[PDB]
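**Q** Per UniProt numbering, numbering of the sequence shown is gapless, rising by one per residue and ending at 78. Even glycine gets a Cβ: it sits at the ideal position worked out from N, Cα and C.
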Amino acid sequence: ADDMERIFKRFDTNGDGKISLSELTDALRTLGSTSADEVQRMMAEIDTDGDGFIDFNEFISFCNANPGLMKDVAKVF
Ligand SMILES: [Ca+2]
Ligand SMILES: [Ca+2]
Numbered sequence: 002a003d004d005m006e007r008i009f010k011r012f013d014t015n016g017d018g019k020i021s022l023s024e025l026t027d028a029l030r031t032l033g034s035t036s037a038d039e040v041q042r043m044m045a046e047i048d049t050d051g052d053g054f055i056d057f058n059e060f061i062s063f064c065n066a067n068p069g070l071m072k073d074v075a076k077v078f
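(1) I want to check one thing, is the minimum distance from the CB of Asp52 to the heavy atoms of ligand 2 below 8 Å?
(2) Ligand 2 heavy atoms versus the CB of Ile55: any closer than 8 Å?
(3) Going by DSSP, what residue range makes up the alpha helix (DSSP H) through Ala28?
(4) Do you know how far the Cα of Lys10 is from the Cα of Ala37?
(5) Could I get the ranges of all uninterrupted alpha helix (DSSP H) runs contained in the UniProt domain "EF-hand 2" (35-70), with 4 residues as the minimum, in chain order?
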């Protein structure tokens, strides 16, 4: 089972296969109500290649380290 898949469809509001400051924010703003000011900082560490976008691979690379989040995000997202 790939829970990150179904959830990946949310974070990827652009439906292009990556998460930017416009898409990511949509998540942290829906579950946290934050802004891009923190997004660029959150993805900056998640980005395994750092290209201004968060792919699917890196998405799990970092998310995996956050077992307490994947449980909350997979509850609504
Ligand atoms: Ca996208
Ligand atoms: Ca990337």
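**A** In this structure, then:
(1) yes
(2) yes
(3) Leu22 to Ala28
(4) 19 Å
(5) 37-47 and 57-64
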